[PDB]
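Engineer: let me give you the complex in parts, starting here:
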Amino acid sequence: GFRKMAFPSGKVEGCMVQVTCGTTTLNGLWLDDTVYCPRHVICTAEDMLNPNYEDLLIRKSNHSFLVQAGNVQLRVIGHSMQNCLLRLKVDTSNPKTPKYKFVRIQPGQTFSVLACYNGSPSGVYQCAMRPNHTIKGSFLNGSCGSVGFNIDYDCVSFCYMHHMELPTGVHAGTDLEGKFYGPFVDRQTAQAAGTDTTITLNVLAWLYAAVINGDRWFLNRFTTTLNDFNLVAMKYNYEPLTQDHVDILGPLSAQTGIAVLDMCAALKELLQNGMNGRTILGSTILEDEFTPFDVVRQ
């Protein structure tokens, strides 16, 4: 019974606000007395290609910022720019602020997204940071500033602030210090992501999950070293497997009785021969956004 599940979103929902500059508007994140939002909000339509953010910013007063939390207008007391984020100081502390921290997630790791429009939460889903530092999100116009997060105990680890859609339909954004994931810049120019690779640790977890679910037609009796598997994997644009990843897969290996390198030998034959029309957990494509942690939990 494996499926993508999001963390409950309530702790983030009480932090979503709307931020408007003139006629340009997007989502912002209200923690304590600070509102975080993409600095792109200070662009007019003409500014959106080739903006000079330091010029646009110095030309702004606090009153230019219209910050709305539901029915309530909050007043910007002060404002500073931090990389590609604005930090708006505001006259009131959010009573709903959860315990939180700002983290920089790593490729292969998952998080929940609260997709938001004009400061209003719309939906929640899980997705993963890709090796090429984009995310395959589900985002419409007005979603700029929507936030990605994980929850451990009662602490929300914010890790993603949505900025833009790339021409291929994938998405780019920043951490909550405003540093972009990947080689992107916040301008309305056509930017291409590098070629993507498959998250091997997660494909391996998925194969383990399929074995736990009773499907083992892809297992074989070949052996491989880590080095020889990594050489094959890179020829098929799969990420090489580190020994840390082998350690991460330890619990699934012990539960199923299939040594990590033996599952790699299964994967190797799948990569070289394909699936001869067979399916795994019902699909002909190897899923790579289900983490070992997700498998173990479900």
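Structural biologist: Perfect, I can see it now. Numbers count the residues shown, from 1 in each chain, chains lettered A, B, ... in the order given.
Engineer: hey, let's count contacts and neighbours off CA atoms from now on
Structural biologist: Noted.
Engineer: gap between the closest residue to residue A:171 other than its chain neighbours and residue A:94?
Structural biologist: The shortest distance from residue A:171 to any non-neighbouring residue, by Cα to Cα, 6 or more residues apart in numbering, is to residue A:165 (4.5 Å). Look at residue A:165 and residue A:94: by Cα to Cα, to the nearest Å, they are 30 Å apart.
Engineer: of the two, which one has the most company?
Structural biologist: The neighbour comparison of residue A:165 against residue A:94 (other Cα atoms under 10 Å) goes to residue A:165, with 24 against 17.
Engineer: I figured that one hits residue A:173, correct?
Structural biologist: No: using Cα atoms under 8 Å, residue A:165 is not in contact with residue A:173; the gap is 9.0 Å.
Engineer: report the secondary structure element holding the residue in chain A sticking out farthest from the centre.
Structural biologist: Centroid-distance maximum for chain A: residue A:221 at 36.6 Å, with Cα atoms, centre = their mean. Assessed by DSSP states H and E, residue A:221 sits outside every helix and strand.
Engineer: now swap in residue A:12 and tell me
Structural biologist: Taking DSSP H and E as the criterion, residue A:12 maps to helix A:10-13.
Engineer: what sits up against that helix?
Structural biologist: A:96, A:97, A:98, A:114, A:121, A:156 (Cα atoms under 8 Å, 6 or more residues apart in numbering).
Engineer: residues contacting the second one?
Structural biologist: By that I understand residue A:97. A:11, A:14, A:15, A:30, A:31, A:32.
Engineer: kindly reformat those as CSV and extend each row with distance to residue A:80 and neighbour count.
Structural biologist: Formatted as CSV, the contacts of residue A:97 follow (distance: Cα to Cα, whole Å; neighbours: other Cα atoms under 10 Å):
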residue, distance to residue A:80, neighbour count
A:11, 25, 18
A:14, 23, 19
A:15, 19, 20
A:30, 15, 29
A:31, 15, 20
A:32, 16, 16
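Engineer: distance to residue A:71 for these - can I get that in a markdown table?
Structural biologist: Listed next are these as a markdown table, based on distance: Cα to Cα, whole Å:
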| residue | distance to residue A:71 |
| --- | --- |
| A:11 | 19 |
| A:14 | 13 |
| A:15 | 14 |
| A:30 | 15 |
| A:31 | 18 |
| A:32 | 18 |
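Engineer: nearest to residue A:197, of these?
Structural biologist: residue A:11 (33.0 Å; Cα to Cα).
Engineer: for residue A:19, see how far away the closest one is.
Structural biologist: Residue A:11 is 20 Å from residue A:19, by Cα to Cα.
Engineer: elements contacting the strand or helix carrying residue A:228?
Structural biologist: Assigning secondary structure by DSSP H and E places residue A:228 in helix A:226-235. If you count contacts as 3 or more Cα pairs under 8 Å, 6 or more residues apart in numbering; DSSP states H and E, helix A:226-235 packs onto helix A:260-273.
Engineer: for the helix it packs on, which residues meet the burial criterion?
Structural biologist: For helix A:260-273, the neighbour count (16 or more other Cα atoms under 10 Å) marks A:260, A:261, A:262, A:263, A:264, A:265, A:266, A:267, A:268, A:269, A:271 as buried.
Engineer: stretch A:282-298 too?
Structural biologist: Neighbour count says stretch A:282-298 has A:286, A:287, A:288, A:289, A:290, A:291, A:292, A:293, A:294, A:295 buried, by 16+ other Cα under 10 Å.
Engineer: kindly check the end-to-end length of that stretch for me.
Structural biologist: End-to-end distance for stretch A:282-298: 17 Å, by Cα to Cα.
Engineer: run through the strands of the stretch 151-298 of chain A in chain order.
Structural biologist: Applying DSSP state E, counting those that start in this stretch to the stretch 151-298 of chain A gives strands spanning A:155-165, A:171-174.
Engineer: check contacts around the residue nearest to residue A:171.
Structural biologist: Contacts for residue A:165 (Cα under 8 Å, 6+ apart) come out as A:139, A:171, A:172.
Engineer: so which of those wins on neighbours?
Structural biologist: That'd be residue A:172 among the contacts of residue A:165, by other Cα under 10 Å, with 27 neighbours.
Engineer: kindly incorporate the sequence below as chain B:
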Amino acid sequence: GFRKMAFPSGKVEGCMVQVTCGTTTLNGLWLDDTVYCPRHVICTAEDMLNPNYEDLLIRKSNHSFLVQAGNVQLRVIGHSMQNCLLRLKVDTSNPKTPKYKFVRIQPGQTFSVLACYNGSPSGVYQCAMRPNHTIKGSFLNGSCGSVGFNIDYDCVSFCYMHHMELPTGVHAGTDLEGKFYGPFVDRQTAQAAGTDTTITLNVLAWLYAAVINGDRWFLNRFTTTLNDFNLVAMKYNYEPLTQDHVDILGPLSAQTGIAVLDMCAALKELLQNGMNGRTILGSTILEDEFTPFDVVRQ
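Structural biologist: So, slotting chain B in with the rest:
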């Protein structure tokens, strides 16, 4: 970017409590001054096969119910049984109760699930009521009493309270009046649902979703009648299509400009010739847990 998306769960998270009788514990739903929970909580481990709930309930008083809303304890002031649910009147009106309704959902309709573990939310995901009145959910031990719901403009429509997992790994529960979906009874005995069917109206809406998102390869120049299509549907364990179904699909037909019976002809070809190892909206099976409403909203 088209994926299953759950409603933001904040309004439901504020209603989740833990209910314990002796050592038996599960989740309850706290609305105004009432906690709703499965009556199975009044079972000792020895009672859980073939219990007599009328017998067990008369032997308890308000004191025997321990209700915890996080750190706070709520005092039970009264109690009664309604079908397979207990209604516990409490001390305190939940200050966080949203605008809400209780609805009974029909087969093929979708809802979000807030999976909970002994009173604490842990995950959220979208699923559907199967034609055979079970749910293909993701529920672990301790999830009894978790709730399913939809949201329409600040009003939460509760439609499902989780009770149990069947031998096949699917799930069974009640509406918020305590009446089970399907042929099931709340006791720890092996029970089976009827044979399931694929939700034709949902597959068709998902094919429209694909057309809108650019996936056009499965279309053909052909067309079919309702009666001939249903001859194919029965042979492949799909639900028969009705004119109401066709009427429901009108807006999706208009937006894409593909007549409904034209999409049925494409579906008939997909069922008969299988897919070519190609994908529709990223998946390699015909998805049937998106309603026409879901496709529009996304």
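Engineer: the buried residues of stretch A:282-298 again please, this time with chain B.
Structural biologist: Burial within stretch A:282-298, assessed by neighbour count using 16 or more other Cα atoms under 10 Å in any protein chain shown, is assigned to A:284, A:285, A:286, A:287, A:288, A:289, A:290, A:291, A:292, A:293, A:294, A:295.
Engineer: ok, and does that stretch reach over to chain B?
Structural biologist: Yes: looking at stretch A:282-298 against chain B by Cα under 8 Å from any Cα of the partner chain, the contacts come from A:282, A:283, A:284, A:285, A:298.
Engineer: contacts for that stretch, please.
Structural biologist: Stretch A:282-298 is contacted from outside by A:1-2, A:4, A:108-110, A:127-128, A:198-203, A:205-206, A:209, A:248-249, A:251-252, A:275, A:277-280, B:138, B:140, B:277, B:283-285, using Cα atoms under 8 Å, 6 or more residues apart in numbering or on different chains.
Engineer: same question, stretch A:74-83
Structural biologist: The contact list for stretch A:74-83 (Cα under 8 Å, 6+ apart) reads A:39, A:62-63, A:65-68, A:86-92, A:177-179.
Engineer: can you tell me the closest non-neighbouring residue to residue A:1?
Structural biologist: residue B:138 (5.9 Å; Cα to Cα, 6 or more residues apart in numbering or on different chains).
Engineer: pretty sure that neighbour contacts residue A:3?
Structural biologist: Yes: if you go by Cα under 8 Å, residue B:138 and residue A:3 touch, sitting 7.1 Å apart.
Engineer: of these two, who's got more company?
Structural biologist: residue B:138 (22 against 14; other Cα atoms under 10 Å in any protein chain shown).
Engineer: please list the residues of chain A that sit near chain B.
Structural biologist: Contact residues (Cα under 8 Å from any Cα) of chain A with chain B: A:1-11, A:13, A:114, A:121-125, A:136-139, A:169-170, A:277, A:282-285, A:298.
Engineer: please pick the buried ones from the residues you listed.
Structural biologist: A:2, A:4-11, A:13, A:114, A:121-125, A:136-139, A:170, A:284-285.
Engineer: helices - which of the residues you listed land there?
Structural biologist: A:10, A:11, A:13 (DSSP state H).
Engineer: mind checking how far the residue in chain A that chain B sits nearest to is from residue B:120?
Structural biologist: Per Cα to the nearest Cα, residue A:10 is where chain A lies closest to chain B, at 3.5 Å. For residue A:10, the distance to residue B:120 equals 12 Å [Cα to Cα].
Engineer: hey, what's residue A:151 bridged with?
Structural biologist: Beta-bridge pairing for residue A:151 (DSSP bridges): residue A:156.
Engineer: I'd say it and residue A:7 touch.
Structural biologist: Yes: in this structure residue A:151 lies within contact range of residue A:7 using Cα under 8 Å: 6.8 Å.
Engineer: re earlier: farthest-apart pair in the buried residues of stretch A:282-298, please.
Structural biologist: Most distant of the buried residues of stretch A:282-298, by Cα to Cα, are A:284 and A:293, 22.9 Å apart.
Engineer: so how far is residue A:224 from residue A:261?
Structural biologist: In terms of Cα to Cα, residue A:261 sits 6 Å off from residue A:224.
Engineer: repeat for residue A:81
Structural biologist: Using Cα to Cα, residue A:81 is found at 51 Å from residue A:224.
Engineer: and for residue A:266?
Structural biologist: For residue A:266, the distance to residue A:224 equals 10 Å [Cα to Cα].
Engineer: got the contact list for residue A:258?
Structural biologist: No contacts exist for residue A:258 under Cα under 8 Å, 6+ apart.
Engineer: can you tell me what sits against stretch A:190-199?
Structural biologist: For stretch A:190-199, the external contacting residues (Cα under 8 Å, 6+ apart) are A:108, A:130-132, A:134, A:166-168, A:183-184, A:237-239, A:288-289.
Engineer: one more pass at 6 Å, please.
Structural biologist: Applying Cα atoms under 6 Å, 6 or more residues apart in numbering or on different chains, the external contacts of stretch A:190-199 come out as A:108, A:132, A:237, A:238, A:239, A:288.
Engineer: and the buried ones among those, selectable in PyMOL?
Structural biologist: Selecting just the buried residues from these in PyMOL takes one command, with 16+ other Cα under 10 Å as the test:
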select buried, chain A and resi 108+132+238+239+288
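Engineer: phi first, then psi, for residue A:53.
Structural biologist: For residue A:53, the backbone dihedrals are phi -70, psi -30 (criterion: degrees, to the nearest 10).
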